[PDB]
>>> print(open('work32.tsv').read())   # TSV, C-alpha atoms and all ligand atoms
chain	number	residue	atom	x	y	z
A	44	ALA	CA	114.61	76.72	125.63
A	45	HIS	CA	111.30	77.95	127.15
A	46	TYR	CA	110.56	80.00	124.04
A	47	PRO	CA	107.64	79.21	121.74
A	48	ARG	CA	108.69	76.62	119.15
A	49	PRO	CA	105.99	76.48	116.46
A	50	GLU	CA	105.58	73.62	113.95
A	51	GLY	CA	106.64	73.92	110.34
A	52	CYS	CA	106.37	72.02	107.06
A	53	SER	CA	108.68	70.13	104.70
A	54	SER	CA	108.75	70.14	100.90
A	55	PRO	CA	111.18	69.33	98.08
A	56	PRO	CA	112.40	72.42	96.11
A	57	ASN	CA	110.26	71.44	93.09
A	58	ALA	CA	107.03	72.08	95.07
A	59	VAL	CA	108.31	75.45	96.38
A	60	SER	CA	107.92	78.89	94.78
A	61	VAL	CA	108.79	82.41	95.92
A	62	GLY	CA	106.44	84.71	97.85
A	63	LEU	CA	103.08	85.03	99.57
A	64	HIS	CA	99.49	85.18	98.30
A	65	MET	CA	97.42	88.35	98.78
A	66	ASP	CA	93.67	88.94	98.77
A	67	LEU	CA	92.21	92.44	99.03
A	68	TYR	CA	88.69	93.03	100.38
A	69	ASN	CA	86.44	96.08	100.44
A	70	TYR	CA	86.02	97.96	103.71
A	71	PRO	CA	83.52	100.79	103.12
A	72	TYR	CA	83.03	103.90	105.17
A	73	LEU	CA	79.61	104.21	106.83
A	74	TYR	CA	79.27	107.48	104.91
A	75	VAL	CA	81.63	109.61	102.80
A	76	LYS	CA	82.29	113.36	102.49
A	108	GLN	CA	81.92	108.44	113.25
A	109	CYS	CA	82.32	108.31	109.42
A	110	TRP	CA	84.33	105.07	109.71
A	111	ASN	CA	82.88	101.61	110.17
A	112	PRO	CA	83.54	100.03	113.61
A	113	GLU	CA	82.90	96.53	112.15
A	114	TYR	CA	86.67	95.71	112.08
A	115	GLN	CA	86.59	95.64	115.93
A	116	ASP	CA	83.99	92.82	116.03
A	117	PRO	CA	85.41	89.50	117.35
A	118	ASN	CA	83.91	87.69	114.32
A	119	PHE	CA	85.46	90.06	111.72
A	120	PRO	CA	88.82	88.32	111.36
A	121	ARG	CA	87.31	84.86	110.93
A	122	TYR	CA	84.45	85.55	108.52
A	123	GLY	CA	83.14	89.15	108.68
A	124	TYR	CA	86.05	90.50	106.61
A	125	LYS	CA	84.74	88.98	103.35
A	126	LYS	CA	81.20	90.35	103.69
A	127	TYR	CA	81.77	93.44	101.47
A	128	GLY	CA	83.33	91.32	98.70
A	129	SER	CA	86.85	91.17	97.34
A	130	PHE	CA	88.40	93.45	94.72
A	131	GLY	CA	91.89	92.09	94.04
A	132	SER	CA	94.62	89.51	94.50
A	133	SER	CA	98.28	88.83	93.73
A	134	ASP	CA	100.94	86.14	94.19
A	135	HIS	CA	104.72	85.96	94.69
A	136	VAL	CA	104.59	88.81	97.23
A	137	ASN	CA	108.18	89.19	98.42
A	138	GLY	CA	110.75	91.61	99.89
A	139	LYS	CA	109.82	95.00	101.36
A	140	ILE	CA	106.17	94.44	102.20
A	141	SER	CA	105.81	97.16	104.88
A	142	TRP	CA	104.58	100.73	104.48
A	143	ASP	CA	103.75	103.86	106.43
A	144	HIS	CA	101.31	106.23	104.70
A	145	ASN	CA	100.89	109.26	106.93
A	146	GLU	CA	100.93	111.87	104.13
A	147	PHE	CA	97.15	111.88	103.55
A	148	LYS	CA	95.46	115.22	104.35
A	149	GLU	CA	91.75	114.31	104.54
A	150	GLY	CA	89.97	111.74	106.70
A	151	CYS	CA	86.47	110.32	106.16
A	152	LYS	CA	87.23	109.97	102.45
A	153	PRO	CA	88.49	107.24	100.12
A	154	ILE	CA	91.98	108.01	98.90
A	155	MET	CA	93.56	106.19	95.98
A	156	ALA	CA	97.17	104.99	96.23
A	157	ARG	CA	99.49	102.15	95.21
A	158	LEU	CA	100.86	99.25	97.26
A	159	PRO	CA	104.63	98.74	97.47
A	160	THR	CA	106.08	97.05	94.35
A	161	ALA	CA	106.62	93.92	96.50
A	162	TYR	CA	102.91	93.10	96.05
A	163	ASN	CA	102.93	92.73	92.23
A	164	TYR	CA	99.59	94.56	92.14
A	165	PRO	CA	99.52	97.45	89.63
A	166	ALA	CA	96.18	99.20	90.36
A	167	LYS	CA	95.62	101.94	92.92
A	168	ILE	CA	93.52	100.81	95.88
A	169	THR	CA	91.33	102.64	98.38
A	170	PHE	CA	94.34	102.89	100.73
A	171	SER	CA	92.27	104.81	103.30
A	172	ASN	CA	89.86	101.92	103.77
A	173	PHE	CA	90.48	98.24	102.94
A	174	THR	CA	91.25	94.79	104.26
A	175	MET	CA	94.17	92.55	103.21
A	176	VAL	CA	95.02	88.93	103.94
A	177	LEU	CA	98.58	87.83	103.20
A	178	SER	CA	99.46	84.16	103.58
A	179	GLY	CA	102.13	81.56	102.80
A	180	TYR	CA	105.32	80.36	104.45
A	181	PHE	CA	108.22	81.95	106.31
A	182	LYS	CA	111.52	80.02	106.10
A	183	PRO	CA	114.37	81.08	108.38
A	184	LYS	CA	117.84	81.36	106.88
A	185	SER	CA	119.26	79.83	110.08
A	186	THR	CA	118.13	77.92	113.15
A	187	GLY	CA	117.52	80.10	116.21
A	188	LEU	CA	115.39	82.65	118.01
A	189	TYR	CA	113.52	85.10	115.80
A	190	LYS	CA	111.86	88.20	117.20
A	191	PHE	CA	109.03	89.84	115.23
A	192	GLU	CA	107.70	93.33	115.68
A	193	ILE	CA	104.47	94.78	114.33
A	194	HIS	CA	103.22	98.38	114.16
A	195	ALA	CA	99.63	98.95	113.02
A	196	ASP	CA	97.18	101.55	111.77
A	197	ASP	CA	94.50	100.33	112.11
A	198	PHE	CA	94.69	96.60	112.74
A	199	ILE	CA	97.18	93.76	112.24
A	200	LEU	CA	96.80	90.12	113.26
A	201	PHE	CA	99.80	87.74	113.19
A	202	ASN	CA	99.26	83.97	113.06
A	203	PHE	CA	102.29	81.69	112.66
A	204	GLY	CA	102.80	77.89	112.65
A	205	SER	CA	100.94	74.83	111.32
A	206	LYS	CA	98.92	74.62	114.52
A	207	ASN	CA	98.21	78.38	114.55
A	208	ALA	CA	98.04	79.84	111.03
A	209	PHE	CA	96.98	77.06	108.68
A	210	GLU	CA	97.75	73.46	107.70
A	211	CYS	CA	100.86	72.44	105.76
A	212	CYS	CA	100.09	72.19	102.03
A	213	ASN	CA	96.39	72.97	102.65
A	214	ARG	CA	96.48	76.76	102.81
A	215	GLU	CA	93.52	77.72	100.65
A	216	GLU	CA	91.01	75.47	102.46
A	217	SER	CA	92.36	76.10	106.00
A	218	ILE	CA	93.13	79.86	105.78
A	219	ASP	CA	90.32	80.85	108.22
A	220	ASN	CA	91.00	78.06	110.77
A	221	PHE	CA	93.65	80.07	112.56
A	222	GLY	CA	94.09	79.86	116.33
A	223	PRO	CA	94.60	82.43	119.11
A	224	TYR	CA	96.71	85.25	117.77
A	225	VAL	CA	100.50	85.30	118.13
A	226	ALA	CA	100.16	89.10	117.99
A	227	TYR	CA	97.16	91.47	118.05
A	228	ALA	CA	97.97	95.09	117.17
A	229	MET	CA	95.29	97.76	117.08
A	230	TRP	CA	95.39	101.55	116.82
A	231	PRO	CA	95.50	103.67	118.97
A	232	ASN	CA	95.87	101.83	122.25
A	233	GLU	CA	97.67	98.56	121.34
A	234	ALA	CA	99.44	99.53	118.10
A	235	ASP	CA	102.91	98.05	118.80
A	236	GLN	CA	103.55	94.40	119.55
A	237	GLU	CA	106.31	91.84	119.58
A	238	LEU	CA	106.79	88.09	119.82
A	239	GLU	CA	109.59	85.52	119.83
A	240	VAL	CA	109.73	82.13	118.11
A	241	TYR	CA	112.55	79.59	117.98
A	242	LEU	CA	112.79	78.36	114.37
A	243	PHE	CA	114.63	75.68	112.34
A	244	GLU	CA	116.50	76.31	109.06
A	245	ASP	CA	114.98	73.28	107.34
A	246	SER	CA	111.31	74.27	107.92
A	247	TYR	CA	108.64	76.30	106.07
A	248	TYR	CA	106.37	77.95	108.66
A	249	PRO	CA	102.75	78.82	107.78
A	250	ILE	CA	102.20	82.54	108.23
A	251	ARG	CA	98.97	84.55	108.06
A	252	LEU	CA	99.03	88.34	108.18
A	253	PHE	CA	95.72	90.19	108.40
A	254	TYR	CA	95.54	93.97	107.88
A	255	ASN	CA	92.73	96.57	108.03
A	256	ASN	CA	92.52	100.30	107.48
A	257	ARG	CA	89.24	101.87	108.65
A	258	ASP	CA	90.03	105.46	107.60
A	259	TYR	CA	92.81	107.89	106.74
A	260	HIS	CA	96.41	106.96	107.59
A	261	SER	CA	97.68	103.44	107.05
A	262	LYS	CA	100.63	101.66	108.69
A	263	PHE	CA	101.48	98.00	108.05
A	264	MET	CA	104.93	97.44	109.54
A	265	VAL	CA	106.06	93.88	110.10
A	266	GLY	CA	109.75	93.40	110.78
A	267	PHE	CA	112.10	91.00	112.49
A	268	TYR	CA	115.46	90.44	114.17
A	269	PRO	CA	117.19	87.21	113.14
A	270	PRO	CA	119.28	85.35	115.77
A	271	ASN	CA	122.07	87.41	117.38
A	272	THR	CA	120.99	90.51	115.47
A	273	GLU	CA	120.40	93.86	117.06
A	274	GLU	CA	119.05	95.88	114.14
A	275	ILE	CA	115.51	95.21	112.87
A	276	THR	CA	114.88	94.51	109.17
A	277	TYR	CA	111.70	95.10	107.14
A	278	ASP	CA	113.06	93.19	104.10
A	279	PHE	CA	111.67	89.62	103.77
A	280	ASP	CA	113.62	88.83	100.62
A	281	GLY	CA	114.74	85.18	100.73
A	282	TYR	CA	112.39	84.33	103.66
A	283	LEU	CA	108.95	84.07	101.95
A	284	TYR	CA	107.67	81.05	100.06
A	285	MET	CA	104.64	79.19	98.86
A	286	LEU	CA	104.23	75.42	98.81
A	287	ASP	CA	101.85	73.49	96.56
A	288	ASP	CA	98.54	72.63	98.15
A	289	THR	CA	98.83	68.87	97.69
A	290	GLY	CA	97.05	68.34	101.02
A	291	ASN	CA	98.74	65.42	102.76
A	292	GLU	CA	100.94	67.47	105.11
A	293	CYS	CA	103.11	67.73	101.97
A	301	LIG	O1	95.90	109.44	113.61
A	301	LIG	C1	95.69	108.30	112.78
A	301	LIG	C2	94.22	107.91	112.91
A	301	LIG	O2	93.46	108.89	112.24
A	301	LIG	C3	92.06	108.69	112.41
A	301	LIG	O3	91.38	109.74	111.73
A	301	LIG	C4	91.27	111.06	112.27
A	301	LIG	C5	92.54	111.90	112.13
A	301	LIG	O4	93.58	111.45	112.99
A	301	LIG	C6	92.28	113.39	112.38
A	301	LIG	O5	93.45	114.20	112.14
A	301	LIG	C7	91.20	113.86	111.42
A	301	LIG	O6	90.96	115.26	111.58
A	301	LIG	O7	90.03	113.11	111.72
A	301	LIG	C8	90.21	111.73	111.39
A	301	LIG	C9	88.85	111.04	111.45
A	301	LIG	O8	88.47	110.72	110.11
A	301	LIG	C10	91.67	107.36	111.75
A	301	LIG	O9	90.28	107.10	111.93
A	301	LIG	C11	92.48	106.19	112.30
A	301	LIG	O10	92.25	105.00	111.53
A	301	LIG	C12	93.97	106.52	112.33
A	301	LIG	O11	94.52	106.48	111.01
A	302	CA	CA	93.71	104.37	109.70
A	303	CL	CL	102.42	75.84	115.47
>>> encode(input="work32.tsv", output="structure tokens")
Amino acid sequence: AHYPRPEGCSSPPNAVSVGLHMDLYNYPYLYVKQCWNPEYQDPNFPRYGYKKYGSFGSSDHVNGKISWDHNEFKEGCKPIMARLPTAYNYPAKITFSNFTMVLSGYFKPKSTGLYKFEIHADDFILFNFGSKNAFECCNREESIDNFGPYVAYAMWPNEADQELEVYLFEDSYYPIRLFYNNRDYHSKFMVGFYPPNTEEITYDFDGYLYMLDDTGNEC
């Protein structure tokens, strides 16, 4: 009714594959054993600053249980090696203590209705969603950094939990861009949702995440 109703994309099944694309970028400490770099707080970081230390990895077909909560680490101010969930199809350990990730692709609802998303961050998550907010239909790679004002901005410690509601249509693939940073130590990337008429949250995206071919012409 008076809920946000973002725009989505159409494609035939033959131009559709399963899962999101991931890029991983370096985020160094200032020094290693204010050890951590405050750069991630800069207003320009999400749009272009985040690539300035180079990339180190990528994957495709990211699907299913994409959230994590690593609060087992014992030492701060120190790179700590650990593995991403198996959802990411990325075998190597990463500097889990300090890194930047961009996840992008399309969310397709299994039914038409109001979806509520919830994010919980350590350190930083940005949520863009819709063809007029995240990126253009079938032009993801070129338009990935042309995102608009955030649908959710979650930052540790003071704004770490956020939520948003979007009314979505079964037939539509919605551009989604999820940005994550860890500056130091513990790492939480929790992105879940409540489908229509559903009380319990889920962190399993299986059957909701897709990629469309970048053929350009609004598909
Ligand atoms: O509490 C999560 C928070 O930790 C910060 O690091 C602190 C840590 O909490 C503290 O126990 C330890 O003794 O000092 C650390 C400083 O390195 C992280 O900087 C922050 O990103 C959060 O993960
Ligand atoms: Ca952290
Ligand atoms: Cl939109």
>>> axis_aligned_box(input="work32.tsv", around="region 198-216 of chain A", padding_each_side="4 Å", output="JSON")
{"center_x": 96.9, "center_y": 84.4, "center_z": 107.6, "size_x": 19.8, "size_y": 32.4, "size_z": 21.9}
>>> atom_distance(input="work32.tsv", atom1="CA of residue 151 (chain A)", atom2="CA of residue 113 (chain A)")
15.5 Å
>>> residues_near_ligand(input="work32.tsv", ligand="ligand CL 303 (chain A)", cutoff="7 Å", atoms="all atoms listed in the file", output="PDB file with C-alpha atoms, keeping the file's coordinate frame")
ATOM      1  CA  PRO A  49     105.990  76.480 116.460  1.00  0.00           C
ATOM      2  CA  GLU A  50     105.580  73.620 113.950  1.00  0.00           C
ATOM      3  CA  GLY A  51     106.640  73.920 110.340  1.00  0.00           C
ATOM      4  CA  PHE A 203     102.290  81.690 112.660  1.00  0.00           C
ATOM      5  CA  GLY A 204     102.800  77.890 112.650  1.00  0.00           C
ATOM      6  CA  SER A 205     100.940  74.830 111.320  1.00  0.00           C
ATOM      7  CA  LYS A 206      98.920  74.620 114.520  1.00  0.00           C
ATOM      8  CA  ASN A 207      98.210  78.380 114.550  1.00  0.00           C
TER       9      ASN A 207
END
>>> closest_atom_pairs(input="work32.tsv", of="chain A", to="ligand LIG 301 (chain A)", cutoff="9 Å", atoms="all atoms listed in the file", output="Markdown table")
| residue | atom | partner | partner_atom | distance |
| --- | --- | --- | --- | --- |
| A:108 | CA | A:LIG301 | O8 | 7.6 |
| A:109 | CA | A:LIG301 | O8 | 6.6 |
| A:110 | CA | A:LIG301 | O9 | 6.7 |
| A:145 | CA | A:LIG301 | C1 | 7.9 |
| A:148 | CA | A:LIG301 | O5 | 8.1 |
| A:149 | CA | A:LIG301 | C7 | 6.9 |
| A:150 | CA | A:LIG301 | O8 | 3.9 |
| A:151 | CA | A:LIG301 | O8 | 4.4 |
| A:152 | CA | A:LIG301 | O8 | 7.8 |
| A:171 | CA | A:LIG301 | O11 | 8.2 |
| A:172 | CA | A:LIG301 | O10 | 8.7 |
| A:196 | CA | A:LIG301 | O11 | 5.7 |
| A:197 | CA | A:LIG301 | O10 | 5.2 |
| A:198 | CA | A:LIG301 | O10 | 8.8 |
| A:230 | CA | A:LIG301 | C12 | 6.8 |
| A:231 | CA | A:LIG301 | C12 | 7.4 |
| A:256 | CA | A:LIG301 | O10 | 6.2 |
| A:257 | CA | A:LIG301 | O10 | 5.2 |
| A:258 | CA | A:LIG301 | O10 | 4.5 |
| A:259 | CA | A:LIG301 | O11 | 4.8 |
| A:260 | CA | A:LIG301 | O11 | 3.9 |
| A:261 | CA | A:LIG301 | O11 | 5.9 |
| A:262 | CA | A:LIG301 | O11 | 8.1 |
>>> write_last_selection(input="work32.tsv", atoms="C-alpha atoms", output="PDB file, keeping the file's coordinate frame")
ATOM      1  CA  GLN A 108      81.920 108.440 113.250  1.00  0.00           C
ATOM      2  CA  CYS A 109      82.320 108.310 109.420  1.00  0.00           C
ATOM      3  CA  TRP A 110      84.330 105.070 109.710  1.00  0.00           C
ATOM      4  CA  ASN A 145     100.890 109.260 106.930  1.00  0.00           C
ATOM      5  CA  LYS A 148      95.460 115.220 104.350  1.00  0.00           C
ATOM      6  CA  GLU A 149      91.750 114.310 104.540  1.00  0.00           C
ATOM      7  CA  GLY A 150      89.970 111.740 106.700  1.00  0.00           C
ATOM      8  CA  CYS A 151      86.470 110.320 106.160  1.00  0.00           C
ATOM      9  CA  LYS A 152      87.230 109.970 102.450  1.00  0.00           C
ATOM     10  CA  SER A 171      92.270 104.810 103.300  1.00  0.00           C
ATOM     11  CA  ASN A 172      89.860 101.920 103.770  1.00  0.00           C
ATOM     12  CA  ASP A 196      97.180 101.550 111.770  1.00  0.00           C
ATOM     13  CA  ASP A 197      94.500 100.330 112.110  1.00  0.00           C
ATOM     14  CA  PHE A 198      94.690  96.600 112.740  1.00  0.00           C
ATOM     15  CA  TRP A 230      95.390 101.550 116.820  1.00  0.00           C
ATOM     16  CA  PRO A 231      95.500 103.670 118.970  1.00  0.00           C
ATOM     17  CA  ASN A 256      92.520 100.300 107.480  1.00  0.00           C
ATOM     18  CA  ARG A 257      89.240 101.870 108.650  1.00  0.00           C
ATOM     19  CA  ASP A 258      90.030 105.460 107.600  1.00  0.00           C
ATOM     20  CA  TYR A 259      92.810 107.890 106.740  1.00  0.00           C
ATOM     21  CA  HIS A 260      96.410 106.960 107.590  1.00  0.00           C
ATOM     22  CA  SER A 261      97.680 103.440 107.050  1.00  0.00           C
ATOM     23  CA  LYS A 262     100.630 101.660 108.690  1.00  0.00           C
TER      24      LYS A 262
END
>>> residues_around(input="work32.tsv", residues="region 217-219 of chain A", least_positions_apart="4", cutoff="9 Å", atoms="only C-alpha atoms", output="number ranges by chain")
A: 120-122, 178, 208-210, 213, 251
>>> closest_residue(input="work32.tsv", among="A:155, A:161, A:73, A:283", to="residue 59 (chain A)", atoms="all atoms listed in the file")
A:283
>>> closest_residue(input="work32.tsv", among="A:45, A:174, A:63, A:127", to="ligand CA 302 (chain A)", atoms="only C-alpha atoms and all ligand atoms")
A:174
>>> residues_near_point(input="work32.tsv", point="(92.3, 92.9, 94.6)", cutoff="9 Å", atoms="all atoms listed in the file", output="MDAnalysis selection string")
chainID A and resid 65:69 129:133 164 166 168 175
>>> closest_residue(input="work32.tsv", among="A:114, A:277, A:180, A:227", to="residue 246 (chain A)", atoms="all atoms listed in the file")
A:180
>>> atom_distance(input="work32.tsv", atom1="CA of residue 269 (chain A)", atom2="CA of residue 212 (chain A)")
25.3 Å
>>> residues_around(input="work32.tsv", residues="residue 188 (chain A)", least_positions_apart="6", cutoff="10 Å", atoms="all atoms listed in the file", output="list in words")
residues 44, 46, 47, 48, 239, 240, 241, 242, 243, 268, 269, 270, 271 and 272 of chain A
>>> write_last_selection(input="work32.tsv", atoms="C-alpha atoms", output="tab-separated table (two decimals), in the coordinates of the input")
chain	number	residue	atom	x	y	z
A	44	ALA	CA	114.61	76.72	125.63
A	46	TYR	CA	110.56	80.00	124.04
A	47	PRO	CA	107.64	79.21	121.74
A	48	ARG	CA	108.69	76.62	119.15
A	239	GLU	CA	109.59	85.52	119.83
A	240	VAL	CA	109.73	82.13	118.11
A	241	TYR	CA	112.55	79.59	117.98
A	242	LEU	CA	112.79	78.36	114.37
A	243	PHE	CA	114.63	75.68	112.34
A	268	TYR	CA	115.46	90.44	114.17
A	269	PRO	CA	117.19	87.21	113.14
A	270	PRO	CA	119.28	85.35	115.77
A	271	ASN	CA	122.07	87.41	117.38
A	272	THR	CA	120.99	90.51	115.47
>>> closest_residue(input="work32.tsv", among="A:266, A:153, A:123, A:187", to="ligand CA 302 (chain A)", atoms="only C-alpha atoms and all ligand atoms")
A:153
>>> decode(input="work32.tsv", residues="region 112-137 of chain A", atoms="N, CA and C atoms", output="compact mmCIF listing (two decimals), in the first residue's frame")
# COMPACT_ATOMS: atom_id res chain seq x y z
N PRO A 112 40.49 3.65 9.98
CA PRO A 112 39.18 4.28 10.00
C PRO A 112 38.62 4.61 8.60
N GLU A 113 39.38 4.30 7.56
CA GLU A 113 39.00 4.59 6.18
C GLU A 113 37.57 4.11 5.79
N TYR A 114 37.16 2.95 6.30
CA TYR A 114 35.82 2.40 6.01
C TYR A 114 34.65 3.33 6.41
N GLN A 115 34.92 4.28 7.30
CA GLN A 115 33.92 5.27 7.71
C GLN A 115 33.77 6.45 6.75
N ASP A 116 34.74 6.64 5.86
CA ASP A 116 34.72 7.75 4.91
C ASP A 116 33.49 7.63 3.98
N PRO A 117 32.78 8.75 3.75
CA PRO A 117 31.62 8.74 2.83
C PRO A 117 31.95 8.25 1.41
N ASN A 118 33.18 8.42 0.96
CA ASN A 118 33.58 7.98 -0.38
C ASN A 118 34.00 6.50 -0.46
N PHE A 119 34.14 5.83 0.68
CA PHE A 119 34.66 4.45 0.72
C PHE A 119 33.75 3.49 -0.03
N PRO A 120 32.44 3.52 0.25
CA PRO A 120 31.57 2.56 -0.44
C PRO A 120 31.50 2.75 -1.96
N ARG A 121 31.73 3.96 -2.46
CA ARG A 121 31.55 4.16 -3.90
C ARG A 121 32.82 3.91 -4.71
N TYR A 122 33.97 4.26 -4.16
CA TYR A 122 35.23 4.01 -4.85
C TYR A 122 36.44 3.70 -3.96
N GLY A 123 36.49 4.23 -2.74
CA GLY A 123 37.60 3.95 -1.84
C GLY A 123 37.87 2.47 -1.54
N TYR A 124 36.85 1.64 -1.61
CA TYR A 124 36.96 0.24 -1.17
C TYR A 124 37.85 -0.62 -2.07
N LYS A 125 38.10 -0.17 -3.30
CA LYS A 125 38.99 -0.89 -4.21
C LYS A 125 40.46 -0.47 -4.11
N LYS A 126 40.76 0.55 -3.32
CA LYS A 126 42.07 1.20 -3.40
C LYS A 126 43.25 0.35 -2.90
N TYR A 127 42.97 -0.71 -2.13
CA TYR A 127 44.01 -1.63 -1.65
C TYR A 127 44.11 -2.89 -2.51
N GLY A 128 43.34 -2.92 -3.60
CA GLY A 128 43.36 -4.04 -4.54
C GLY A 128 42.39 -5.11 -4.13
N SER A 129 42.12 -6.03 -5.05
CA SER A 129 41.30 -7.19 -4.76
C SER A 129 42.20 -8.40 -4.43
N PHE A 130 41.62 -9.45 -3.87
CA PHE A 130 42.36 -10.71 -3.75
C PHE A 130 41.58 -11.96 -4.15
N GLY A 131 40.28 -11.84 -4.36
CA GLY A 131 39.49 -13.01 -4.72
C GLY A 131 38.10 -12.72 -5.24
N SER A 132 37.49 -13.75 -5.81
CA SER A 132 36.13 -13.67 -6.33
C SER A 132 35.51 -15.07 -6.43
N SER A 133 34.19 -15.11 -6.49
CA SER A 133 33.44 -16.34 -6.72
C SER A 133 32.09 -16.02 -7.37
N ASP A 134 31.41 -17.07 -7.82
CA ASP A 134 30.10 -16.94 -8.45
C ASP A 134 29.18 -18.02 -7.90
N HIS A 135 27.90 -17.94 -8.27
CA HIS A 135 26.89 -18.89 -7.79
C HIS A 135 26.75 -18.94 -6.27
N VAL A 136 26.96 -17.81 -5.60
CA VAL A 136 26.85 -17.74 -4.15
C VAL A 136 25.38 -17.87 -3.79
N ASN A 137 25.06 -18.87 -2.98
CA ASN A 137 23.66 -19.24 -2.72
C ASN A 137 23.49 -19.92 -1.37
